[PDB]
Amino acid sequence: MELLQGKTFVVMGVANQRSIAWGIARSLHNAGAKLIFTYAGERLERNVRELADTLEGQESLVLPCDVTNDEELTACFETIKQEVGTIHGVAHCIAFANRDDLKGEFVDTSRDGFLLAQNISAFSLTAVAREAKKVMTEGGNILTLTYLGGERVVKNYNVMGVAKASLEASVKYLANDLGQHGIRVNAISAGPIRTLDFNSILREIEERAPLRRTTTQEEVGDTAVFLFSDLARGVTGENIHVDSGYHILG
Amino acid sequence: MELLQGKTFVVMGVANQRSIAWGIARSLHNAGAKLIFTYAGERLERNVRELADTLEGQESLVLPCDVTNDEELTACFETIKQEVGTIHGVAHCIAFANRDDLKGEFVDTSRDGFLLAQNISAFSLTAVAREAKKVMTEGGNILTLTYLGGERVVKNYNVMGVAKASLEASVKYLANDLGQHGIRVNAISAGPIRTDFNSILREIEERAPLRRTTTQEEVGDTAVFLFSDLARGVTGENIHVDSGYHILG
Amino acid sequence: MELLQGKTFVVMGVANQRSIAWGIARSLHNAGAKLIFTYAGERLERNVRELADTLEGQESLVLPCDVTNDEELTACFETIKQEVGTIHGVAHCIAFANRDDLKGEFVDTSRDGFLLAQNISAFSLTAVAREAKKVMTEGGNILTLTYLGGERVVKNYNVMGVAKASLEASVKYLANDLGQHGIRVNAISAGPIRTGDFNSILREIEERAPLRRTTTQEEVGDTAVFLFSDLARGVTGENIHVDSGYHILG
Amino acid sequence: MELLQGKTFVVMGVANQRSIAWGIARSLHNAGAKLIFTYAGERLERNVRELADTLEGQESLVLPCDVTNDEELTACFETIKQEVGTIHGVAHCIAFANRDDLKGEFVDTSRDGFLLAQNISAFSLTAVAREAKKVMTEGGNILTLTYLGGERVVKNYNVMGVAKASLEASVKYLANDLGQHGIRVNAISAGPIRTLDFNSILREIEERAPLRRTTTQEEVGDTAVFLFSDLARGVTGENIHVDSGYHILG
Ligand SMILES: NC(=O)c1ccc[n+]([C@@H]2O[C@H](COP(=O)([O-])OP(=O)(O)OC[C@H]3O[C@@H](n4cnc5c(N)ncnc54)[C@H](O)[C@@H]3O)[C@@H](O)[C@H]2O)c1
Ligand SMILES: NC(=O)c1ccc[n+]([C@@H]2O[C@H](COP(=O)([O-])OP(=O)(O)OC[C@H]3O[C@@H](n4cnc5c(N)ncnc54)[C@H](O)[C@@H]3O)[C@@H](O)[C@H]2O)c1
Ligand SMILES: NC(=O)c1ccc[n+]([C@@H]2O[C@H](COP(=O)([O-])OP(=O)(O)OC[C@H]3O[C@@H](n4cnc5c(N)ncnc54)[C@H](O)[C@@H]3O)[C@@H](O)[C@H]2O)c1
Ligand SMILES: NC(=O)c1ccc[n+]([C@@H]2O[C@H](COP(=O)([O-])OP(=O)(O)OC[C@H]3O[C@@H](n4cnc5c(N)ncnc54)[C@H](O)[C@@H]3O)[C@@H](O)[C@H]2O)c1
């Protein structure tokens with residue numbers, strides 16, 4: 001419980017108590033990290049602040065950061081620079097697609113919905129990484145979250161599957177860029193989580209996954225702790241599956 | 001010489017004789033297929049018409065089809081429906097990224113450049129497939145072209161690498177949608193083709209299992225297979241035509 | 001129908017009329033090829049000779065070839081060299097694992113069963129390739145057959161899954177060795193074919209495979225025709241799934 | 001430094017100070033674990049005992065265990081059960097292939113060399129796991145080591161490439177057997193390490209790998225700490241590349 005003592009991380013994408021980003025924040029905090037939170041729009045401001053206040057110790061910076069807004073993204077990380085000087089990593093937990101696109105067949109995905117999903121779910125990793133390297137002057141890790149659907153076809157995941165493929169390739173090209181500056185870039189591929197016919201999917205995982213159970217936010221958060229720590233200093237461009245083993249199944 | 005006898009295909013992405021789409025068109029023609037061509041803008045219309053006329057006829061069907069333009073895209077396949085009724089596949093050979101994005105580091109890719117590369121190089125396959133299934137009433141194959149850079153990091157490929165990854169994932173989700181209508185969706189991952197680039201070709205010649213670079217004709221002949229009934233059990237596949245380079249670590 | 005005119009291939013692993021090897025043999029014949037057949041043991045000689053006989057055109061050579069026996073393997077390809085002179089490829093359709101190993105859990109696989117499965121199902125490709133390169137003096141293609149279980153966990157496939165993984169890695173290492181001699185090495189990964197509970201496997205494929213049907217011998221055979229032809233001259237070290245697209249599913 | 005406090009691990013494959021297994025042992029020790037060692041040759045008995053002796057806070061349990069010998073492997077783990085009752089994981093760091101197989105072309109690999117390399121480098125994981133589940137009554141992790149050469153073709157890796165492919169598939173099939181018993185199975189794919197024409201290989205990694213440096217035994221050991229720890233409890237059937245990012249390069 002001291003792996004990350006003295007270190008500061010930006011956690012993006014907390015929306016409520018069940019957010020994977022909130023699982024990650026709690027694990028990082030338990031490992032001794034200081035945290036900075038961003039929130040998407042004003043509607044989420046109170047949730048993120050309330051959750052951030054439940055963390056014992058120094059009270060956390062909570063800033064608005066729309067990752068489709070280049071001016072705001074830059075201002076946000078300038079503010080972080082002025083408030084703490086140096087950060088040691090970023091947790092990118094941001095994704096979106098229109099429900100209509102996810103509901104239909106993939107071939108009926110709208111052009112605007114495709115580009116929206118790409119912009120928010122894939123390009124934002126790069127936009128964030130570009131700002132992050134300005135304040136990650138001692139190196140560290142950038143983490144993103146992905147899903148099996150970016151690798152192989154998962155029912156109803158459609159346009160988000162293609163955006164996650166884009167996200168996973170971005171992880172590799174970013175890793176290749178930033179490594180020379182001491183910065184690692186990694187993904188966690190999370191299995192479906194009960195909190196977050198969803199139930200028949202959960203049942204199928206409990207039945208067929210090697211560990212015979214579904215994933216938790218805390219399992220993802222604890223793998224995030226490893227990736228952010230010095231223990232993982234040899235690991236970059238990697239996608240770790242925290243999914244009770246489901247990914248190995250044919 | 002007759003594997004594609006009696007079948008009609010749409011070839012997209014011809015700009016000139018060095019276009020890989022043109023190499024594919026020649027192979028398809030040699031295998032007995034009738035071809036319909038599309039052209040991106042008016043600047044390319046003369047080239048595509050002339051090339052088409054050397055294969056098919058002055059009567060060959062050559063149509064405007066900017067895949068960023070949804071009404072022109074829809075009108076194209078509407079014209080195809082009215083003129084020939086049924087087609088048996090589409091060769092999607094369309095990709096674009098800004099030179100500025102390809103020269104810089106990937107982390108410095110512009111947002112507009114990224115979305116542009118995604119729109120033209122990845123989403124276009126889906127936009128085209130959506131129209132094509134209206135005229136592929138007997139089933140058939142949709143083909144796209146990709147590159148190793150969509151799977152692993154290749155120098156200077158950057159934003160196009162991420163677009164090809166989108167494209168290859170799209171191939172899989174499209175295959176899953178369209179297979180029930182008898183439509184297969186596949187990719188060819190082509191190695192670099194001669195027709196600093198020269199050092200890349202030299203490394204391929206040195207290290208690839210076949211000790212030689214790829215030709216447009218090798219790609220076209222694999223396309224012939226994928227469009228033919230020989231490949232009726234193959235879908236959602238990515239076939240590397242790259243002298244075996246993809247196996248190397 | 002004349003893709004393979006002027007070409008001669010060795011077909012290994014014909015046991016009866018529903019052998020995938022026989023389906024491959026029919027497709028190669030229909031594409032204009034001359035064929036040489038091997039039989040694994042005396043009890044199969046009559047089946048193979050009679051099947052070979054049903055092929056119009058010149059008489060087919062039918063030779064003993066136990067791939068666990070180096071002396072016999074050498075003698076087989078020595079006979080081929082002397083009697084036909086040049087061949088243009090080999091279809092390697094040979095596999096074996098003990099029934100008791102396949103029925104238990106993989107962790108309980110017998111050591112002797114594991115090694116036997118590896119010997120027959122994986123090393124034999126290399127043993128065959130070593131002899132075939134002597135008679136493939138104008139290059140060509142060596143083909144082997146594999147299954148999804150060599151890539152991902154498939155129920156009840158167990159020890160054969162691990163043998164197919166060795167096989168698929170062998171394809172890549174052989175392709176890297178033999179390419180400079182003009183010899184390509186590829187695999188076809190076939191889906192289950194109709195001709196524990198096997199019919200429910202078939203029904204799950206019919207329900208969930210993109211093409212909504214199971215694989216036929218003839219589909220595998222026609223993909224073999226492509227790989228043995230000059231159309232595939234740019235393709236080596238590849239594994240083509242002829243499985244109705246099932247391999248893309250998560 | 002108390003991630004593995006109260007836990008006991010068996011480490012297999014220490015040969016000397018430079019062994020990756022000894023890097024793993026040092027990291028596990030630093031995380032609070034107690035360690036048990038096996039040794040192969042009585043010629044390695046001395047090295048392993050001297051190294052084990054320098055672990056403060058514990059006595060040595062250093063046992064002969066030839067993993068090709070089923071009687072001895074079973075006796076070794078029965079002794080382990082009687083001495084400590086419960087172990088919480090095993091580090092399987094055992095590989096071997098004949099030098100003559102590794103220098104020649106892969107196509108000239110001997111049958112006996114291939115089977116020997118499969119027996120020692122791939123099947124041994126299964127034979128070890130079958131014994132280990134008898135003593136891992138509270139669950140835990142089984143770790144093995146692999147190399148990029150099991151996934152893609154690496155110069156002169158040849159027969160060991162195919163053995164590692166076999167090992168990596170075994171990891172998946174074992175993960176899917178043992179998960180229901182609370183036992184995870186994972187691999188680390190280590191990049192070349194300076195201590196283990198080798199110098200041009202190292203130089204090219206330093207030039208091309210994202211992190212611009214080669215791997216250390218310590219980087220591998222620290223990733224092992226993660227995988228053996230409760231932090232990795234949602235992770236099984238996985239292969240974590242500890243290779244400075246080299247695996248992402250085309
Ligand atoms: N839920 C799962 O089972 C699952 C599985 C694997 C991966 N993931 C990934 O985990 C991540 C977190 O999702 P979640 O499941 O925790 O749900 P979530 O709703 O709690 O988190 C998604 C976040 O994205 C943020 N976001 C959306 N648009 C934004 C914008 N314009 N600017 C900035 N932020 C924006 C939202 O504010 C929200 O906090 C996503 O990347 C998701 O794809 C989820
Ligand atoms: N060049 C290589 O080495 C290589 C390697 C592997 C795959 N590929 C792929 O092959 C395909 C063709 O590239 P090429 O090398 O033949 O070069 P190319 O420049 O001749 O082909 C690209 C085509 O994209 C078309 N295009 C661009 N914007 C368009 C738009 N808005 N609407 C419609 N069409 C549009 C152009 O008409 C052009 O013909 C691309 O998909 C490319 O990624 C190329
Ligand atoms: N059956 C499937 O669903 C399936 C799916 C994918 C791939 N494959 C592969 O296709 C290949 C052909 O198998 P099949 O399904 O046609 O069944 P099959 O039983 O007809 O063919 C396997 C052959 O192996 C031969 N063989 C066994 N031991 C031998 C030895 N010591 N020496 C020489 N030959 C020996 C037998 O003579 C037999 O003909 C195998 O490699 C198999 O794994 C099969
Ligand atoms: N060396 C590398 O660069 C590298 C890279 C990636 C993975 N690996 C893997 O890491 C592991 C350790 O190798 P290393 O590089 O530390 O070298 P090493 O020589 O120190 O370890 C190999 C071990 O195998 C053991 N072994 C051999 N035959 C045995 C038998 N019959 N019974 C029991 N034990 C037996 C030996 O005692 C030896 O300790 C191996 O699995 C190797 O493949 C090595």
# chains A, B, ... in the order shown; residues from 1 in each chain; ligands from 1
$ residues_around --residues "residue 239 (chain D)" --least-positions-apart "3" --cutoff "12 Å" --atoms "only C-alpha atoms" --output "PyMOL selection string"
(chain A and resi 235+238-242+245+247-248) or (chain D and resi 143-148+150-151+164-165+167-172+175+185-190+223-224+227+235-236+242-243+247)
$ interface_residues --of "chain C" --to "chain A" --cutoff "7 Å" --atoms "only C-alpha atoms" --output "list in words"
residues 148, 149, 152, 153, 154, 248, 249 and 250 of chain C
$ write_last_selection --atoms "C-alpha atoms" --output "PDB file, in the first residue's frame"
ATOM      1  CA  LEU C 148      -9.195 -22.920 -34.253  1.00  0.00           C
ATOM      2  CA  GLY C 149      -8.264 -24.948 -31.168  1.00  0.00           C
ATOM      3  CA  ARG C 152      -7.807 -20.468 -28.750  1.00  0.00           C
ATOM      4  CA  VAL C 153      -9.310 -22.838 -26.213  1.00  0.00           C
ATOM      5  CA  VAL C 154     -11.922 -25.142 -27.738  1.00  0.00           C
ATOM      6  CA  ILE C 248     -13.876 -13.715 -35.972  1.00  0.00           C
ATOM      7  CA  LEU C 249     -16.340 -14.230 -33.111  1.00  0.00           C
ATOM      8  CA  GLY C 250     -15.573 -13.290 -29.512  1.00  0.00           C
TER       9      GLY C 250
END
$ residues_near_ligand --ligand "ligand 3" --cutoff "7 Å" --atoms "only C-alpha atoms and all ligand atoms" --output "MDAnalysis selection string"
chainID C and resid 12:16 18:21 39:40 65:68 93:96 120:121 144:147 189:193
$ closest_residue --among "A:161, A:221, A:32, A:41" --to "chain D" --atoms "only C-alpha atoms"
A:221
$ residues_around --residues "residue 197 (chain C)" --least-positions-apart "6" --cutoff "12 Å" --atoms "only C-alpha atoms" --output "list in words"
residues 103, 155, 156, 203 and 204 of chain C
$ atom_distance --atom1 "CA of residue 158 (chain C)" --atom2 "CA of residue 113 (chain C)"
11.5 Å
$ residues_around --residues "residue 99 (chain C)" --least-positions-apart "5" --cutoff "12 Å" --atoms "only C-alpha atoms" --output "compact mmCIF listing (two decimals) with N, CA and C atoms, in the first residue's frame"
# COMPACT_ATOMS: atom_id res chain seq x y z
N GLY C 104 -10.09 -36.59 -21.11
CA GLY C 104 -9.81 -35.99 -19.81
C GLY C 104 -9.61 -34.49 -19.92
N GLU C 105 -9.32 -33.85 -18.78
CA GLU C 105 -8.88 -32.45 -18.76
C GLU C 105 -7.46 -32.36 -19.31
N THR C 109 -3.28 -34.73 -19.22
CA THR C 109 -2.72 -35.34 -20.42
C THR C 109 -1.51 -36.21 -20.06
N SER C 110 -1.45 -37.43 -20.60
CA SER C 110 -0.29 -38.28 -20.37
C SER C 110 0.93 -37.74 -21.11
N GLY C 113 1.28 -39.56 -24.44
CA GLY C 113 0.25 -39.06 -25.35
C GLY C 113 0.53 -37.67 -25.91
N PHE C 114 1.04 -36.79 -25.06
CA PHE C 114 1.39 -35.44 -25.48
C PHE C 114 2.47 -35.49 -26.56
N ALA C 117 1.25 -37.00 -29.89
CA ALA C 117 0.44 -36.02 -30.61
C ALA C 117 1.33 -34.98 -31.30
N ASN C 156 -12.84 -29.91 -25.31
CA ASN C 156 -12.49 -31.29 -25.68
C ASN C 156 -11.40 -31.42 -26.74
N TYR C 157 -10.74 -30.32 -27.09
CA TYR C 157 -9.71 -30.40 -28.12
C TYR C 157 -8.33 -30.56 -27.46
N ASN C 158 -8.15 -29.93 -26.30
CA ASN C 158 -7.04 -30.20 -25.37
C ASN C 158 -5.65 -30.46 -25.98
N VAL C 159 -5.16 -31.70 -25.86
CA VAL C 159 -3.81 -32.03 -26.32
C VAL C 159 -3.66 -31.77 -27.83
N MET C 160 -4.73 -31.93 -28.61
CA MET C 160 -4.62 -31.64 -30.05
C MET C 160 -4.50 -30.13 -30.29
N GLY C 196 -16.80 -35.57 -27.80
CA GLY C 196 -18.12 -35.75 -27.22
C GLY C 196 -19.27 -35.52 -28.20
$ residues_near_ligand --ligand "ligand 2" --cutoff "6 Å" --atoms "only C-alpha atoms and all ligand atoms" --output "list in words"
residues 13, 14, 15, 19, 20, 21, 39, 40, 66, 67, 68, 93, 94, 95, 96, 120, 145, 146, 147, 189, 190, 191, 192 and 193 of chain B
$ residues_around --residues "residue 184 (chain A)" --least-positions-apart "5" --cutoff "12 Å" --atoms "only C-alpha atoms" --output "JSON, numbers by chain"
{"A": [88, 89, 90, 129, 132, 133, 136, 138, 139, 140, 141, 142, 143, 144, 171, 172, 173, 174, 175, 176, 177, 178, 179, 227, 228, 229, 230, 232, 233, 234, 235, 236, 237, 238], "D": [209, 210, 211, 212, 244, 245]}
$ residues_near_ligand --ligand "ligand 1" --cutoff "9 Å" --atoms "only C-alpha atoms and all ligand atoms" --output "number ranges by chain"
A: 12-23, 38-41, 44, 48, 64-69, 92-97, 119-122, 124, 144-149, 160, 164, 188-196, 215, 217, 243
$ select_by_dssp --residues "region 15-249 of chain A" --states "strand (DSSP E or B)" --output "number ranges by chain"
A: 34-39, 62-64, 89-92, 140-146, 153, 183-190, 193, 215, 239-242, 249
$ atom_distance --atom1 "atom 24 (O, counted along the ligand's line) of ligand 4" --atom2 "CA of residue 163 (chain D)"
13.4 Å
$ atom_distance --atom1 "CA of residue 232 (chain C)" --atom2 "CA of residue 161 (chain C)"
27.2 Å
$ residues_around --residues "residue 53 (chain D)" --least-positions-apart "6" --cutoff "12 Å" --atoms "only C-alpha atoms" --output "short mmCIF file (atom, residue, chain, number, x, y, z; two decimals) with C-alpha atoms, in the first residue's frame"
data_model
loop_
_atom_site.label_atom_id
_atom_site.label_comp_id
_atom_site.auth_asym_id
_atom_site.auth_seq_id
_atom_site.Cartn_x
_atom_site.Cartn_y
_atom_site.Cartn_z
CA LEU D 35 10.85 -19.38 -1.61
CA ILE D 36 11.39 -23.08 -2.32
CA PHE D 37 13.86 -24.06 -5.09
CA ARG D 46 25.68 -26.25 -5.64
CA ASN D 47 24.68 -23.05 -7.47
CA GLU D 59 15.81 -21.46 5.80
CA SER D 60 16.47 -23.27 2.51
CA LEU D 61 14.26 -25.91 0.95
CA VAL D 62 16.22 -26.92 -2.14
#
$ closest_residue --among "B:157, B:9, B:77, B:173" --to "chain A" --atoms "only C-alpha atoms"
B:173
$ select_by_dssp --residues "region 208-238 of chain B" --states "alpha helix (DSSP H)" --output "PyMOL selection string"
chain B and resi 216-227
$ write_last_selection --atoms "C-alpha atoms" --output "CSV table (one decimal), in the first residue's frame"
chain,number,residue,atom,x,y,z
B,216,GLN,CA,0.2,-5.6,-58.1
B,217,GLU,CA,-0.4,-8.8,-60.0
B,218,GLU,CA,0.1,-11.0,-56.9
B,219,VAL,CA,-2.5,-8.9,-55.1
B,220,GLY,CA,-4.8,-9.0,-58.0
B,221,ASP,CA,-4.6,-12.8,-58.3
B,222,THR,CA,-5.4,-13.2,-54.6
B,223,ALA,CA,-8.4,-10.9,-55.2
B,224,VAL,CA,-9.5,-13.2,-58.0
B,225,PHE,CA,-9.5,-16.1,-55.5
B,226,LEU,CA,-11.4,-14.1,-52.9
B,227,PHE,CA,-14.0,-13.0,-55.5
$ interface_residues --of "chain B" --to "chain C" --cutoff "6 Å" --atoms "only C-alpha atoms" --output "PyMOL selection string"
chain B and resi 176+179-180+209-210+218+221+230+233-236+241+243-244
$ write_last_selection --atoms "C-alpha atoms" --output "PDB file, in the first residue's frame"
ATOM      1  CA  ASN B 176     -20.733 -10.908 -39.234  1.00  0.00           C
ATOM      2  CA  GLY B 179     -22.809 -13.386 -44.129  1.00  0.00           C
ATOM      3  CA  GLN B 180     -26.487 -14.262 -43.606  1.00  0.00           C
ATOM      4  CA  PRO B 209      10.787 -15.361 -46.634  1.00  0.00           C
ATOM      5  CA  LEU B 210      10.340 -15.076 -50.416  1.00  0.00           C
ATOM      6  CA  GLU B 218       0.149 -11.001 -56.866  1.00  0.00           C
ATOM      7  CA  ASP B 221      -4.571 -12.830 -58.278  1.00  0.00           C
ATOM      8  CA  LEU B 230     -13.282 -21.112 -54.603  1.00  0.00           C
ATOM      9  CA  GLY B 233     -16.126 -20.648 -47.180  1.00  0.00           C
ATOM     10  CA  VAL B 234     -13.792 -17.717 -46.439  1.00  0.00           C
ATOM     11  CA  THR B 235     -15.088 -14.580 -44.707  1.00  0.00           C
ATOM     12  CA  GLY B 236     -13.797 -12.049 -42.195  1.00  0.00           C
ATOM     13  CA  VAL B 241       0.210 -10.983 -49.779  1.00  0.00           C
ATOM     14  CA  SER B 243       6.162 -12.441 -49.477  1.00  0.00           C
ATOM     15  CA  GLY B 244       5.648 -13.799 -45.950  1.00  0.00           C
TER      16      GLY B 244
END
$ interface_residues --of "chain B" --to "chain A" --cutoff "7 Å" --atoms "only C-alpha atoms" --output "list in words"
residues 105, 106, 107, 108, 115, 126, 129, 130, 153, 158, 162, 163, 165, 166, 169, 170, 172, 173, 174 and 177 of chain B
$ residues_around --residues "region 59-63 of chain B" --least-positions-apart "4" --cutoff "9 Å" --atoms "only C-alpha atoms" --output "list in words"
residues 34, 35, 36, 37, 38, 39, 45, 48, 49, 52, 53, 55, 76, 79, 80 and 83 of chain B
$ write_last_selection --atoms "N, CA, C and O atoms" --output "tab-separated table (two decimals), in the first residue's frame"
chain	number	residue	atom	x	y	z
B	34	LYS	N	-16.70	-8.85	-65.75
B	34	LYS	CA	-17.09	-7.53	-66.23
B	34	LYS	C	-16.91	-6.54	-65.09
B	34	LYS	O	-17.21	-6.86	-63.95
B	35	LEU	N	-16.40	-5.35	-65.40
B	35	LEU	CA	-16.07	-4.38	-64.36
B	35	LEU	C	-16.80	-3.05	-64.51
B	35	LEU	O	-16.94	-2.53	-65.61
B	36	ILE	N	-17.25	-2.53	-63.37
B	36	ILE	CA	-17.77	-1.17	-63.24
B	36	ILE	C	-16.74	-0.35	-62.45
B	36	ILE	O	-16.22	-0.83	-61.44
B	37	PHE	N	-16.43	0.86	-62.90
B	37	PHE	CA	-15.43	1.69	-62.20
B	37	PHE	C	-16.04	2.93	-61.58
B	37	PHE	O	-17.02	3.47	-62.10
B	38	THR	N	-15.45	3.40	-60.48
B	38	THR	CA	-15.86	4.68	-59.90
B	38	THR	C	-14.69	5.64	-59.88
B	38	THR	O	-13.53	5.22	-59.95
B	39	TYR	N	-14.97	6.94	-59.82
B	39	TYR	CA	-13.88	7.91	-59.71
B	39	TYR	C	-14.19	8.92	-58.62
B	39	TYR	O	-15.34	9.31	-58.43
B	45	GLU	N	-11.61	11.65	-63.47
B	45	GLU	CA	-12.58	11.09	-64.40
B	45	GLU	C	-11.97	10.66	-65.74
B	45	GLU	O	-12.26	9.57	-66.23
B	48	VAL	N	-9.78	7.46	-65.31
B	48	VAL	CA	-10.54	6.25	-65.05
B	48	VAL	C	-11.31	5.81	-66.29
B	48	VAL	O	-11.29	4.64	-66.64
B	49	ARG	N	-11.96	6.76	-66.96
B	49	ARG	CA	-12.61	6.48	-68.25
B	49	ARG	C	-11.66	5.85	-69.25
B	49	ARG	O	-12.00	4.83	-69.87
B	52	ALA	N	-10.59	2.39	-68.13
B	52	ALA	CA	-11.73	1.50	-68.22
B	52	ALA	C	-11.97	1.08	-69.67
B	52	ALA	O	-12.21	-0.09	-69.96
B	53	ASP	N	-11.90	2.05	-70.58
B	53	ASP	CA	-12.15	1.78	-71.98
B	53	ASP	C	-11.11	0.80	-72.56
B	53	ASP	O	-11.45	0.01	-73.45
B	55	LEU	N	-10.01	-1.80	-71.08
B	55	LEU	CA	-10.38	-3.14	-70.60
B	55	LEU	C	-11.73	-3.60	-71.11
B	55	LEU	O	-11.88	-4.73	-71.58
B	76	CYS	N	-24.74	6.59	-56.98
B	76	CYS	CA	-23.86	5.68	-57.73
B	76	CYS	C	-24.45	4.28	-57.80
B	76	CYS	O	-24.60	3.71	-58.88
B	79	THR	N	-27.68	4.06	-59.78
B	79	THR	CA	-27.36	3.95	-61.20
B	79	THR	C	-26.95	2.51	-61.54
B	79	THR	O	-27.40	1.96	-62.54
B	80	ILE	N	-26.12	1.90	-60.69
B	80	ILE	CA	-25.68	0.53	-60.94
B	80	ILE	C	-26.87	-0.42	-60.93
B	80	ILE	O	-26.98	-1.31	-61.78
B	83	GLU	N	-28.78	0.08	-64.30
B	83	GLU	CA	-28.06	-0.27	-65.52
B	83	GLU	C	-27.72	-1.75	-65.65
B	83	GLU	O	-27.79	-2.31	-66.74
